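Novice: Residue numbers (the entry's author numbering), protein chains in the order written: chain B, 35 to 693; chain A, 35 to 693. Dropping the structure in here first, questions after.
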Ligand SMILES: O[C@@H]1[C@@H]2OC[C@H]1NC[C@@H]2O
Ligand SMILES: O[C@@H]1[C@@H]2OC[C@H]1NC[C@@H]2O
Ligand SMILES: [Cl-]
Ligand SMILES: [Cl-]
Ligand SMILES: [Cl-]
Ligand SMILES: [Cl-]
Ligand code: NA
Ligand code: NA
Ligand code: NA
Ligand code: NA
């Protein structure tokens, strides 16, 4: 066995298989290689017949493991063997393990692959590494899926219905699969993931040039590997997260940097990535944004109101569209009657053309002077205001629809025919914004802007055009927001609408929300709830009680998103957000979310500490539970220590009024 | 055209294509053939290269259409043509259209299929028939997906976040797909579906011997057919539901019976199927079940309580399992402190072996005498009691696990290796129940039983053994329940736990819950909420306010499902259920749900009328809304007219207590 060792880690590499273990010498915890098959890696490739197979590369005909520098071990896997015993002659995978001389850090890189006459597809490398043994390790996988989740490595008490779904999912396909980086759907928002137990933590950070996928296995014993053969899995239930290198498309450096943290958990992992986030240039603080634009200080304590008039989906839809006088009266009511001191008013439906032609201000809704009266009233309150804007859609029902501005692929076929909100090639979007946005800014005296869709993901195709648009919008120095966001866009915006949770998502029944993204970026980007899952709707992610409490724990702002006819029914939730969430949001807005903790065995009682001197404890479940010192937190209750020394305690109550 | 006609309907059959239209003569409404491609049917079959292709059978080389009896047209589609111009020589499809001589009913049957040297798979027939034109027809598709949904054929006002998801889904793949019959997952619980507009309704009833799937297309213009070619769809937005005959599997009679109802909607469709349900023998009334067993009258007004002790998933799990004295004290508190007058107590975790060995009563939990003490207390209150029982699982973590009782398929491979709760072959399950259930009935003096898993679906494979088990359980004449249920099991049980809604399901963002199953079967089977999604949990299906109101509209009972540590948090919901839902459940229990109506444009205000003389109006959204007569229903509010003429009005309020 070949050893790399420094003061902090011992890497033990098996010369027969290329598998390796990592001893974290402070805690003494040992991370084992693949517990199931002793596979260093899992390679998907075509056979002689053109059929895809997945093979254990530790079964290759020749495996060469040599110490090639003081702290580098080079590995080569030559001529893998298929299930029938034929050989993939001429195929090979070369990798390197590089131990930092001083730090508890191990770089792992796929340096070369050779396909011969076959075709190489997925490579899981390292395979089923850094795993947790279910119900032996008491820890979790840590996955930055949108705002982020943890997946405990053991079964624990919880509501009976939740428990049945949770345990069942660890025995079927719900607990295995893969996610991608930097999308606004099911995927990851930061290029890292990790595992920890009560002794030690490990996380891996993906090279900035690479786009592996992430395979997950959450307490599953691998029965999914055996269902087609109709036999029972012989393997043990474990938790692992693996990189999937897409050998058929990846042109970047296939490197992942593992960082080992004695006694660490998901908080420590997030703080390690926060250093890398700064080095990558993503981290531009809200304090720096405020120095550039004093109006950023209209955001702390603001409720984000989306008044949804059926636009962009329809122009002047009966029963949905608001007139500009109606918009003014909603703003007046929010301030004068509901006493909301700070607000971001976002009016969806102010133009008489379909996006991406964001003009003119609609005559049918009252015309420019009446919109200006509404915006002026909002400004007189100190509120931020934006219309709905988008430069990416090309909509079937728009009389101006054309395919002129849609992108085509190499075969001349239209792209995004299945995604109507993202059809305009980004290389045209700055020019579309230039058609009217300066006119609207000048006429309405705008202080703010929100732009939809374009910055919800960070994909390679079209990135240059998106950057051009972001730089143009940023050049106006408005308080500005965008849908969902990604870390790469943080330099250009003050707020993201979203970066919370999908309602239906892989892992939903076997994970707990954890504020991973905000543990990294709360000081750099403000976030609010998503308009599809706002704080006034009851969804898989909770009702108002749960969402208000989670908002304060995670450091996000309230979103109230409604059709005009619903407005009277929003009043009680606006008042509760005003009294409970808004003062905490205001106090914590610029601060670091220093720590988050789960304080109850069912993960429903949680404690967040912010560098404003604010501590938020809340109980997201129905039953009162005790914490340290015999302090009781009511069901749907909170205990919040403010910087001014006051202690806010209380809880939500549902009551039945029988007349 | 060939014409079949009676006093009610004119069937216009195109001799060149085999397509047909149906004129409903009293309204003048014409149901059209396929609006997109004029296809009588869509056949999937292999080509000469063995690759699957889907073809329009109206493009076949020879189409024969002739009147072969007074009210029968015979069609034959001979030698379909592939997209490359080659011919599926020797393939043919024979169908018949048979008009009832008197009634507005058309039978449509695939009578013969010949594959030659090709292989046949799906046949949609009739293809894209009985469609609704989006935003012109103001009606809905009607789909008995679990309890049931309707899908409106037009866009309407609703909450902004819901609206965005709804409208977007009609343009992407969320609005097209297929569902299967008689499962407990995403599929249908009755073998019918339909469409209606403001003039006319049509529904199709699938022959009892057949298992087609059902294709849906909910306001989609067919863009999914063109995405791979990268072109924009040239078709219009429509609603349709098609049978998919599985030619490779189906051995039954491939017949669907269309019933045409002037002025009808989903209520009239349900009442048509109710007559068929009675003719099929599924309908055994709760009044008849009460005559056989007077203890059935312990169900009306009963809350169903599941005390979830971590079993069957684990034996005596710390932090989840209750002792029998703890169980007794929960029952006592429910009666004495919470004043619950009727209840079904269901205790999950009474045995010290894993299911399917439902014995002995656990010594570690206090032993048989202590369980008998808790059951005796429940009986002294007039409550129903059952332990958790299951005869179908074979669990990995059971020391007694064996594959001996698992089923093997035609290849000799184990079945359900990925489905641990349904691994025992049904042909063994009566013998497993016989091992101890009569001992438990005798020792505890049981009046009730609930059996998990086995009756949640109605698949062909294993149905004989499931019927044998159902007959055996039924022979005890206990008040009895089972998980989820299907119509075919109604003769054997008094209640179903479930028959409501999955949390995550196809069509969720573009449909409204409708009580289709209970419009048929409320007089014959009682249902309660599902334990995974109980009324004390906040899910995609609502919080307690929404679920309590929907329960009264739909005629189901309350489910409170909790781990023991949660009990104190359940108290407010138990009290509200007791005050609001239980008296209405009690009054309506045995009655017919005669009608259900949506009374507001956003479908959130609804009115149900029961043959007890009870009327429930409720508002499942947040804003007060007015109905006929200017009567206002508050948000999360109700107006209930009881049998004796008294009026109950009220609403739920969420409030924030701040110390
Ligand atoms: O987890 C499930 C749950 O207990 C066993 C599983 N089968 C049906 C019950 O609802
Ligand atoms: O429906 C969507 C919604 O408005 C247009 C779509 N794009 C993003 C917004 O959240
Ligand atoms: Cl875009
Ligand atoms: Cl959140
Ligand atoms: Cl079964
Ligand atoms: Cl329901
Ligand atoms: Na999966
Ligand atoms: Na800005
Ligand atoms: Na679909
Ligand atoms: Na019975």
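The beta carbon of each residue, even a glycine, is placed where N, CA and C say it ideally should be.
(1) How many Å lie between residue 182 of chain A and residue 252 of chain A at the Cα?
(2) Assuming residue 94 of chain B and residue 112 of chain B are in contact, meaning their beta carbons sit under 8 Å apart, how far apart are those beta carbons, in whole angstroms?
(3) Check whether chain A comes within 7 Å of residue 689 of chain B, counting only Cβ atoms and requiring the distance to be less than that.
(4) Got a sec: is the Cβ-Cβ distance from residue 53 of chain A to anything in chain B below 7 Å?
(5) Going by DSSP in three states, residue 621 of chain B sits in which element: helix, strand or coil?
(6) Between residue 514 of chain A and ligand 10, is there a pair consisting of the residue's CB and a ligand heavy atom that are separated by less than 6 Å?
(7) Out of B/227, B/431, B/601, state which residue places its alpha-carbon closest to the alpha-carbon of residue 246 of chain B.
(8) For the segment 437-450 of chain A against the segment 469-482 of chain A, are there 3 or more C-beta pairs whose distance is under 8 Å?
(9) For ligand 1, is there any heavy atom lying closer than 6 Å to the beta carbon of residue 486 of chain A?
(10) Under 8 Å by Cβ, that's how I've got residue 594 of chain B and residue 608 of chain B pegged, so tell me the actual separation to the nearest angstrom.
(11) Hey, is residue 563 of chain B's beta-carbon within less than 7 Å of any beta-carbon in chain A?
(12) Within the present structure, is the beta-carbon of residue 534 of chain A separated from the nearest heavy atom of ligand 6 by less than 6 Å?
(13) Are three or more beta carbon pairs between the segment 156-170 of chain B and the segment 317-324 of chain B nearer than 8 Å?
(14) Chain B beta carbons: is any one of them nearer than 7 Å to that of residue 88 of chain A?
(15) Return helix, strand or coil for residue 382 of chain B, following the three-state DSSP convention.
(16) Go through its chain and collect everything with a Cβ distance to residue 468 of chain B's Cβ below 8 Å, but skip five positions before and after it.
(17) Are residue 107 of chain A and residue 140 of chain A close, meaning C-beta to C-beta below 7 Å?
(18) Taking only the alpha-carbon atoms, compute the straight-line gap between residue 342 of chain B and residue 194 of chain A and give it to the nearest angstrom.
(19) List the residues of chain B that residue 198 of chain A touches, going by C-beta distances under 8 Å, in chain order.
(20) Under 9 Å, CB to CB, which of the residues in the segment 250-274 of chain B have a partner in chain A?
(21) Strictly under 7 Å for the Cβ-Cβ distance: is residue 656 of chain A near chain B by that measure?
(22) Can a CB atom of chain B be found closer than 7 Å to the CB of residue 191 of chain A?
(23) From the beta carbon of residue 195 of chain B, is the nearest beta carbon of chain A less than 7 Å away?
(24) Mind pulling the chain A residues with CB within less than 8 Å of residue 443 of chain B?
(25) For ligand 10, any of its heavy atoms closer than 6 Å to the Cβ of residue 528 of chain A?
(26) Would you kindly work out how many angstroms separate the C-alpha atoms of residue 77 of chain B and residue 86 of chain B, rounded to a whole number?
(27) Let's see if you can read the secondary structure: which residues bound the alpha helix (DSSP H) around residue 607 of chain B?
(28) Does ligand 4 have even one heavy atom less than 6 Å from the beta-carbon of residue 197 of chain A?
(29) With 7 Å as the C-beta to C-beta threshold (strictly closer), list the residues of the segment 578-595 of chain B near chain A in chain order.
(30) Tell me residue 337 of chain B's beta-bridge partners as DSSP assigns them.
(31) Within 10 angstroms of the Cβ of residue 692 of chain A, are there 16 or more other Cβ atoms? Answer buried if so, exposed if not.
(32) Which chain B residues sit within Cβ distance under 7 Å of residue 498 of chain A?
(33) Return yes when at least one heavy atom of ligand 9 lies under 6 Å from the C-beta of residue 207 of chain A, else no.
(34) What does DSSP give as the partner residues of residue 295 of chain B in its beta bridges?
(35) Exposed or buried, which one is residue 557 of chain B when buried takes at least 16 other CB atoms within 10 Å?
(36) Given a cut-off of 7 Å on the beta-carbon distance, is the pair residue 272 of chain B and residue 568 of chain B in contact?
Specialist: The short version:
(1) For this step, residue 182 of chain A is matched to residue 148 along the second chain. For this step, residue 252 of chain A is matched to residue 218 along the second chain. Rounded to whole angstroms, residue 182 of chain A to residue 252 of chain A spans 15 Å at the Cα level.
(2) Within the first chain, numbered from 1, the residue matching residue 94 of chain B stands at position 60. Within the first chain, numbered from 1, the residue matching residue 112 of chain B stands at position 78. Yes, residue 94 of chain B and residue 112 of chain B are in contact; Cβ-Cβ is about 6 Å, under 8 Å.
(3) The residue you call residue 689 of chain B lines up with position 655 of the first chain. Closer than 7 Å to some Cβ of chain A, the Cβ of residue 689 of chain B qualifies, so yes.
(4) Against the second chain, residue 53 of chain A aligns to sequence position 19. So, not an interface residue.
(5) For the purposes of this step, residue 621 of chain B is taken as the residue at position 587 of the first chain. Residue state for residue 621 of chain B is assigned as helix, using DSSP reduced to three classes.
(6) Looking up residue 514 of chain A in the second chain gives position 480. Yes, the Cβ of residue 514 of chain A comes within 6 Å of a heavy atom of ligand 10.
(7) Position 212 of the first chain, counting from 1, holds the residue named residue 246 of chain B. Considering only alpha carbons, the answer is B/227.
(8) Output reads no: the segment 469-482 of chain A does not touch the segment 437-450 of chain A.
(9) Residue 486 of chain A sits at position 452 when you count from the first residue of the second chain. Because some heavy atom of ligand 1 lies under 6 Å away, the Cβ of residue 486 of chain A counts as near it: yes.
(10) Locating residue 594 of chain B in the first chain gives position 560, where the first residue counts as 1. Locating residue 608 of chain B in the first chain gives position 574, where the first residue counts as 1. The beta-carbon distance between residue 594 of chain B and residue 608 of chain B, rounded to whole angstroms, is 6 Å. This is short enough to meet the 8 Å contact definition.
(11) Taking the first chain and counting its residues from 1, the one referred to as residue 563 of chain B is at position 529. Chain A contact via Cβ: absent.
(12) Looking up residue 534 of chain A in the second chain gives position 500. Within the cutoff, so yes.
(13) Not touching, per the Cβ criterion.
(14) One-based indexing of the second chain puts residue 88 of chain A at position 54. Chain B, which has no Cβ nearer than 7 Å to the Cβ of residue 88 of chain A, makes this no.
(15) Sequence index remark: in the first chain, residue 382 of chain B carries index 348 (1-based). In the displayed model, residue 382 of chain B falls within a strand according to three-state DSSP.
(16) Here residue 468 of chain B refers to the residue found at position 434 of the first chain. 506.
(17) As a first step, residue 107 of chain A is located in the second chain; it is residue number 73 there, counting from the start. As a first step, residue 140 of chain A is located in the second chain; it is residue number 106 there, counting from the start. With respect to the 7 Å criterion, residue 107 of chain A and residue 140 of chain A are not classified as neighbours on the basis of their beta carbons.
(18) Looking up residue 342 of chain B in the first chain gives position 308. Looking up residue 194 of chain A in the second chain gives position 160. Near 5 Å, if we compare the C-alpha coordinates of residue 194 of chain A and residue 342 of chain B.
(19) Reading the second chain from its first residue, position 164 is the one you call residue 198 of chain A. Near residue 198 of chain A (Cβ distances below 8 Å), the residues of chain B are 342, 347, 565, 566.
(20) Within the segment 250-274 of chain B, the qualifying residues are 255, 257, 258, 260, 261, 262, 263, 264, 265, 266, 267, 271.
(21) As a first step, residue 656 of chain A is located in the second chain; it is residue number 622 there, counting from the start. With a threshold of 7 Å between beta carbons, residue 656 of chain A makes contact with chain B.
(22) Looking up residue 191 of chain A in the second chain gives position 157. So yes, residue 191 of chain A belongs to the interface.
(23) One-based indexing of the first chain puts residue 195 of chain B at position 161. The C-beta of residue 195 of chain B comes closer than 7 Å to at least one C-beta of chain A.
(24) As a position in the first chain, residue 443 of chain B is number 409, starting the count at 1. Per Cβ cutoff of 8 Å: 264.
(25) Against the second chain, residue 528 of chain A aligns to sequence position 494. Residue 528 of chain A Cβ: within cutoff of ligand 10.
(26) Residue numbering aside, residue 77 of chain B sits at position 43 when the first chain is read from its first letter. Residue numbering aside, residue 86 of chain B sits at position 52 when the first chain is read from its first letter. Cα-Cα distance, rounded: 10 Å.
(27) Walking along the first chain from the start, residue 607 of chain B turns up at place 573. That run of the alpha helix (DSSP H) goes 601-610.
(28) Looking up residue 197 of chain A in the second chain gives position 163. No.
(29) 578, 579, 580, 595
(30) The count along the first chain starts at 1 and reaches residue 337 of chain B at position 303. Looking at the DSSP assignment, residue 337 of chain B forms a beta bridge with B/377.
(31) Within the second chain, residue 692 of chain A is the residue found at index 658, counting from 1. It counts as exposed.
(32) Within the second chain, residue 498 of chain A is the residue found at index 464, counting from 1. The premise fails here: residue 498 of chain A is roughly 22 Å from chain B at the closest Cβ pair, so nothing lies under 7 Å.
(33) Locating residue 207 of chain A in the second chain gives position 173, counting from the first residue. Under cutoff, so the answer is yes.
(34) As a first step, residue 295 of chain B must be located in the first chain, where it is residue number 261. Answer is B/235.
(35) On the first chain, residue 557 of chain B is found 523 positions in, with the first residue counted as 1. Buried.
(36) Position 238 of the first chain holds residue 272 of chain B. Position 534 of the first chain holds residue 568 of chain B. Contact flag unset, no.
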